[PDB]
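Student: Sharing a structure, written as structure tokens. Questions coming.
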Amino acid sequence: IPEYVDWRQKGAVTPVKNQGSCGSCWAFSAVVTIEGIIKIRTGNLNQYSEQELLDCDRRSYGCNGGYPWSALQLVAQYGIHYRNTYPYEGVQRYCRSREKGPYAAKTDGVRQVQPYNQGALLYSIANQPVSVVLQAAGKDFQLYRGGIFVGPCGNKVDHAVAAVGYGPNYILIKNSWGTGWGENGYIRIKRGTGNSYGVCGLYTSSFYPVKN
Ligand SMILES: *CC(=O)[C@H](CCCCN)NS(=O)(=O)c1ccc(C)cc1
């Protein structure tokens with residue numbers, strides 16, 4: 001369980017993206033999750049469509065609300081297309097999955113990490129990236145243009161992102177905003193403080209598919 005875990009230089013995460021004026025934190029977080037695992041075994045890095053997840057997942061409320069843990073489940077159940085055969089537009093619409101044709105990616109299950117346990121988060125993040133939530137409605141996290149976020153912030157979780165590494169002290173997160181935020185679309189939050197919930201409630205509820 002290395003002292004350092006970066007999947008970027010591991011060839012697991014692709015360039016950064018933006019959800020835009022679409023409240024669709026959840027579908028993006030997912031595509032990265034599934035994505036990671038998909039490349040971890042096969043040795044093939046891919047960019048899947050979040051747009052599809054939006055238009056297809058009726059359980060989620062597309063362009064403004066969702067469950068990073070429906071998306072995944074969805075995929076495993078059905079599947080998910082490339083981000084070319086289903087590029088992101090930013091507006092929820094009619095499911096094209098079927099109309100689009102044969103799927104391209106399809107997992108083999110979804111599991112959740114025991115909330116409120118850093119030790120647990122890491123491990124999984126060590127075996128493969130994960131979808132995690134937190135407080136973004138933040139007025140500080142909103143302004144982050146590079147650094148180690150300690151706060152201030154709260155325990156009112158409401159935005160989903162992704163963890164793509166950690167250090168002895170900083171946890172790495174991929175944001176669904178442009179590369180005109182944090183440190184090039186990236187933000188480092190601090191771990192090991194005692195805060196069980198985890199600063200910004202980053203330890204509330206996390207997840208991930210399964211792959212054979
Ligand atoms: C996570 C997400 O999509 C939310 C909106 C949820 C709304 C539920 N009522 N917004 S966001 O945090 O991604 C966001 C998007 C655009 C901007 C300018 C700020 C934040």
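Every chain in the structure tokens takes a letter, A first, then B, and so on in the order presented; its residues are numbered from 1, and the ligands are numbered from 1 following the presented order.
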For chain A against ligand 1, with a cut-off of 7 Å and counting only C-alpha atoms and all ligand atoms, what is the closest atom pair and its distance in Å to one decimal for every residue that makes the cut, ordered by chain and number, as a tab-separated table?

Tutor:
residue	atom	partner	partner_atom_place_in_ligand_line	distance
A:19	CA	ligand 1	13 (O)	6.8
A:20	CA	ligand 1	16 (C)	6.0
A:21	CA	ligand 1	16 (C)	5.2
A:22	CA	ligand 1	3 (O)	6.0
A:23	CA	ligand 1	3 (O)	2.7
A:24	CA	ligand 1	3 (O)	4.1
A:25	CA	ligand 1	1 (C)	4.0
A:26	CA	ligand 1	1 (C)	6.6
A:63	CA	ligand 1	3 (O)	7.0
A:64	CA	ligand 1	7 (C)	4.6
A:65	CA	ligand 1	8 (C)	4.8
A:136	CA	ligand 1	12 (O)	5.8
A:137	CA	ligand 1	12 (O)	6.2
A:158	CA	ligand 1	1 (C)	6.4
A:159	CA	ligand 1	1 (C)	4.0
A:160	CA	ligand 1	1 (C)	5.7
A:176	CA	ligand 1	13 (O)	6.7

Student: Could you give me, as number ranges by chain, the residues within 8 Å of stretch 119-125 of chain A, counting only C-alpha atoms and dropping anything in the same chain fewer than 3 positions from it?

Tutor: A: 1, 113-114, 128-130, 163-166, 203, 206

Student: State, in Å with one decimal place, the distance from atom CA of residue A:147 to atom CA of residue A:47.

Tutor: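 One can read the atom CA of residue A:147 to atom CA of residue A:47 distance as 27.5 Å.
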
Student: Compile the contact shell of residue A:7 as a short mmCIF file (atom, residue, chain, number, x, y, z; two decimals) with N, CA, C and O atoms, in the first residue's frame: residues with an atom at most 12 Å away, counting only C-alpha atoms, same-chain residues fewer than 2 positions apart removed.

Tutor:
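Result saved to part_1.cif:
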data_model
loop_
_atom_site.label_atom_id
_atom_site.label_comp_id
_atom_site.auth_asym_id
_atom_site.auth_seq_id
_atom_site.Cartn_x
_atom_site.Cartn_y
_atom_site.Cartn_z
N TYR A 4 2.56 6.57 -1.79
CA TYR A 4 2.02 7.46 -2.82
C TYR A 4 1.22 6.68 -3.86
O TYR A 4 1.67 5.62 -4.37
N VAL A 5 0.05 7.23 -4.17
CA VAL A 5 -0.87 6.65 -5.15
C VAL A 5 -1.46 7.64 -6.16
O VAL A 5 -2.43 8.37 -5.85
N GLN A 9 -0.25 9.20 -13.68
CA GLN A 9 1.02 8.71 -14.23
C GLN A 9 0.99 7.18 -14.33
O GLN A 9 2.02 6.53 -14.61
N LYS A 10 -0.20 6.65 -14.11
CA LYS A 10 -0.46 5.20 -14.16
C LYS A 10 -1.22 4.85 -15.44
O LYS A 10 -1.37 3.65 -15.79
N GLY A 11 -1.66 5.89 -16.12
CA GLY A 11 -2.41 5.78 -17.38
C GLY A 11 -3.82 5.24 -17.15
O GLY A 11 -4.30 4.35 -17.89
N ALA A 12 -4.45 5.79 -16.13
CA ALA A 12 -5.82 5.43 -15.74
C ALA A 12 -6.93 6.47 -15.90
O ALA A 12 -8.11 6.12 -16.11
N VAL A 13 -6.51 7.72 -15.80
CA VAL A 13 -7.41 8.88 -15.93
C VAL A 13 -6.99 9.64 -17.19
O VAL A 13 -5.79 9.75 -17.51
N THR A 14 -8.01 10.15 -17.87
CA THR A 14 -7.84 10.94 -19.10
C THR A 14 -7.96 12.40 -18.68
O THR A 14 -8.18 12.72 -17.50
N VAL A 32 -15.50 7.96 -14.72
CA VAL A 32 -14.10 7.95 -14.30
C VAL A 32 -13.81 6.69 -13.48
O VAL A 32 -12.71 6.09 -13.58
N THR A 33 -14.81 6.32 -12.69
CA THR A 33 -14.75 5.13 -11.83
C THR A 33 -14.61 3.90 -12.71
O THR A 33 -13.56 3.22 -12.73
N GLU A 35 -14.28 3.68 -15.82
CA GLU A 35 -13.12 3.93 -16.68
C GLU A 35 -11.83 3.33 -16.12
O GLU A 35 -11.20 2.45 -16.75
N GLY A 36 -11.47 3.81 -14.93
CA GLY A 36 -10.28 3.36 -14.21
C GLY A 36 -10.10 1.84 -14.19
O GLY A 36 -9.08 1.30 -14.68
N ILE A 37 -11.11 1.18 -13.64
CA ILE A 37 -11.15 -0.28 -13.53
C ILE A 37 -11.01 -0.95 -14.90
O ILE A 37 -10.27 -1.95 -15.05
N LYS A 39 -9.47 -0.01 -17.41
CA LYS A 39 -8.08 0.10 -17.87
C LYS A 39 -7.07 -0.66 -17.01
O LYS A 39 -5.95 -0.97 -17.46
N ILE A 40 -7.51 -0.94 -15.79
CA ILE A 40 -6.71 -1.67 -14.80
C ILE A 40 -6.40 -3.15 -15.05
O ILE A 40 -5.40 -3.70 -14.53
N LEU A 45 -7.23 2.21 -21.94
CA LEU A 45 -7.78 3.46 -21.39
C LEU A 45 -8.85 4.01 -22.33
O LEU A 45 -8.62 4.17 -23.55
N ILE A 125 -9.03 2.95 -3.22
CA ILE A 125 -8.47 3.97 -4.11
C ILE A 125 -7.09 3.50 -4.58
O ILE A 125 -6.53 4.02 -5.56
N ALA A 126 -6.58 2.51 -3.85
CA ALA A 126 -5.28 1.90 -4.13
C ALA A 126 -5.41 0.76 -5.14
O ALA A 126 -4.49 0.51 -5.95
N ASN A 127 -6.55 0.09 -5.06
CA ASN A 127 -6.89 -1.03 -5.94
C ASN A 127 -7.59 -0.54 -7.21
O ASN A 127 -7.64 -1.26 -8.23
N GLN A 128 -8.09 0.68 -7.11
CA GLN A 128 -8.79 1.35 -8.21
C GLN A 128 -9.54 2.58 -7.69
O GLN A 128 -10.10 2.57 -6.58
N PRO A 129 -9.52 3.61 -8.53
CA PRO A 129 -10.18 4.89 -8.23
C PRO A 129 -11.60 4.61 -7.71
O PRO A 129 -12.12 3.48 -7.83
N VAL A 130 -12.18 5.66 -7.15
CA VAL A 130 -13.54 5.62 -6.60
C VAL A 130 -14.28 6.96 -6.71
O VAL A 130 -13.66 8.04 -6.80
N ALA A 162 -14.22 12.69 -7.90
CA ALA A 162 -13.38 11.49 -7.90
C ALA A 162 -11.97 11.61 -7.32
O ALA A 162 -11.28 12.64 -7.51
N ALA A 163 -11.58 10.56 -6.61
CA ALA A 163 -10.26 10.46 -5.97
C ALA A 163 -9.40 9.63 -6.94
O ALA A 163 -9.78 8.51 -7.33
N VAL A 164 -8.26 10.22 -7.29
CA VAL A 164 -7.29 9.60 -8.20
C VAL A 164 -5.87 9.66 -7.63
O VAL A 164 -4.89 9.93 -8.35
N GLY A 165 -5.80 9.41 -6.32
CA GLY A 165 -4.53 9.40 -5.57
C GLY A 165 -4.57 10.06 -4.19
O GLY A 165 -5.48 10.84 -3.87
N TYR A 166 -3.55 9.72 -3.40
CA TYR A 166 -3.38 10.23 -2.04
C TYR A 166 -1.89 10.18 -1.65
O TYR A 166 -1.09 9.48 -2.31
N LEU A 172 -5.97 13.31 -3.34
CA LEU A 172 -6.17 13.87 -4.68
C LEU A 172 -7.57 13.60 -5.25
O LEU A 172 -8.05 12.45 -5.28
N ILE A 173 -8.19 14.69 -5.69
CA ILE A 173 -9.54 14.67 -6.29
C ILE A 173 -9.73 15.34 -7.65
O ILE A 173 -9.30 16.49 -7.87
N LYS A 174 -10.40 14.60 -8.53
CA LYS A 174 -10.71 15.06 -9.89
C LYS A 174 -12.10 15.69 -9.82
O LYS A 174 -13.10 15.01 -9.46
#

Student: Could you pull out the strand (DSSP E) residues of chain A from DSSP and send them as a PyMOL selection string?

Tutor: chain A and resi 5-6+110-113+130-134+148-149+159-166+170-174+186-190+206-209

Student: List the spatial neighbours of residue A:87 as a PyMOL selection string - criterion: any atom at most 12 Å away, only C-alpha atoms, same-chain residues fewer than 5 positions off excluded.

Tutor: chain A and resi 17+19+28+47-55+80-82+96+100

Student: With only C-alpha atoms as the atoms that count, which of A:207, A:18, A:149, A:184 lies nearest to residue A:90?

Tutor: A:18

Student: Atom CA of residue A:168 and atom CA of residue A:197, how far apart in Å?

Tutor: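 Straight-line distance from atom CA of residue A:197 to atom CA of residue A:168 works out to 18.4 Å.
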
Student: Enter the distance from atom CA of residue A:88 to atom CA of residue A:62, in Å, rounded to one decimal.

Tutor: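 Separation of atom CA of residue A:88 and atom CA of residue A:62: 12.3 Å.
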
Student: So which residues touch residue A:210 within 9 Å, counting only C-alpha atoms, skipping near sequence neighbours fewer than 5 positions away, as a list in words?

Tutor: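 The neighbour list is residues 34, 37, 76, 107, 108, 109, 110 and 111 of chain A.
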
Student: Hey, what does DSSP flag as alpha helix (DSSP H) within stretch 3-207 of chain A? Can you give it to me as a ChimeraX atom specification?

Tutor: /A:25-41,50-56,68-77,97-100,118-127

Student: For those residues, write C-alpha atoms to a file as a PDB file, in the first residue's frame.

Tutor:
ATOM      1  CA  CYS A  25     -21.490  15.719 -10.919  1.00  0.00           C
ATOM      2  CA  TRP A  26     -22.675  12.125 -10.563  1.00  0.00           C
ATOM      3  CA  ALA A  27     -22.478  10.725 -14.093  1.00  0.00           C
ATOM      4  CA  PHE A  28     -19.023  12.227 -14.612  1.00  0.00           C
ATOM      5  CA  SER A  29     -17.692  10.829 -11.336  1.00  0.00           C
ATOM      6  CA  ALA A  30     -18.922   7.421 -12.488  1.00  0.00           C
ATOM      7  CA  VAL A  31     -17.454   7.408 -15.996  1.00  0.00           C
ATOM      8  CA  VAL A  32     -14.095   7.952 -14.298  1.00  0.00           C
ATOM      9  CA  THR A  33     -14.748   5.134 -11.826  1.00  0.00           C
ATOM     10  CA  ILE A  34     -15.769   2.492 -14.363  1.00  0.00           C
ATOM     11  CA  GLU A  35     -13.115   3.933 -16.676  1.00  0.00           C
ATOM     12  CA  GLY A  36     -10.279   3.359 -14.209  1.00  0.00           C
ATOM     13  CA  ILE A  37     -11.155  -0.280 -13.533  1.00  0.00           C
ATOM     14  CA  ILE A  38     -11.709  -0.847 -17.253  1.00  0.00           C
ATOM     15  CA  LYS A  39      -8.079   0.100 -17.874  1.00  0.00           C
ATOM     16  CA  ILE A  40      -6.706  -1.674 -14.803  1.00  0.00           C
ATOM     17  CA  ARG A  41      -7.155  -5.174 -16.219  1.00  0.00           C
ATOM     18  CA  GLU A  50     -21.674  10.723 -19.121  1.00  0.00           C
ATOM     19  CA  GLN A  51     -24.307  12.319 -21.354  1.00  0.00           C
ATOM     20  CA  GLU A  52     -25.727   8.830 -21.878  1.00  0.00           C
ATOM     21  CA  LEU A  53     -25.874   8.267 -18.120  1.00  0.00           C
ATOM     22  CA  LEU A  54     -27.893  11.482 -17.893  1.00  0.00           C
ATOM     23  CA  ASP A  55     -30.446  10.683 -20.596  1.00  0.00           C
ATOM     24  CA  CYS A  56     -30.757   7.043 -19.543  1.00  0.00           C
ATOM     25  CA  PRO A  68     -23.032   8.168  -8.676  1.00  0.00           C
ATOM     26  CA  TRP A  69     -24.179   4.771  -7.404  1.00  0.00           C
ATOM     27  CA  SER A  70     -27.105   4.532  -9.904  1.00  0.00           C
ATOM     28  CA  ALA A  71     -24.842   5.267 -12.870  1.00  0.00           C
ATOM     29  CA  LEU A  72     -22.385   2.473 -12.084  1.00  0.00           C
ATOM     30  CA  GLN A  73     -25.146  -0.001 -11.237  1.00  0.00           C
ATOM     31  CA  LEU A  74     -26.739   1.010 -14.537  1.00  0.00           C
ATOM     32  CA  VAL A  75     -23.604   0.231 -16.544  1.00  0.00           C
ATOM     33  CA  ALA A  76     -23.040  -3.142 -14.880  1.00  0.00           C
ATOM     34  CA  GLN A  77     -26.681  -3.964 -15.604  1.00  0.00           C
ATOM     35  CA  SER A  97     -28.199   3.750 -25.541  1.00  0.00           C
ATOM     36  CA  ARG A  98     -30.323   1.320 -27.555  1.00  0.00           C
ATOM     37  CA  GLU A  99     -30.528   3.558 -30.622  1.00  0.00           C
ATOM     38  CA  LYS A 100     -26.767   4.085 -30.432  1.00  0.00           C
ATOM     39  CA  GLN A 118     -10.140   6.939   5.537  1.00  0.00           C
ATOM     40  CA  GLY A 119      -8.170   3.714   5.970  1.00  0.00           C
ATOM     41  CA  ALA A 120     -10.905   2.076   3.896  1.00  0.00           C
ATOM     42  CA  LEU A 121     -11.170   4.801   1.258  1.00  0.00           C
ATOM     43  CA  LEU A 122      -7.452   4.638   0.477  1.00  0.00           C
ATOM     44  CA  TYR A 123      -7.276   0.856   0.124  1.00  0.00           C
ATOM     45  CA  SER A 124      -9.992   0.866  -2.539  1.00  0.00           C
ATOM     46  CA  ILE A 125      -8.467   3.974  -4.112  1.00  0.00           C
ATOM     47  CA  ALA A 126      -5.280   1.900  -4.126  1.00  0.00           C
ATOM     48  CA  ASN A 127      -6.890  -1.029  -5.938  1.00  0.00           C
TER      49      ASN A 127
END
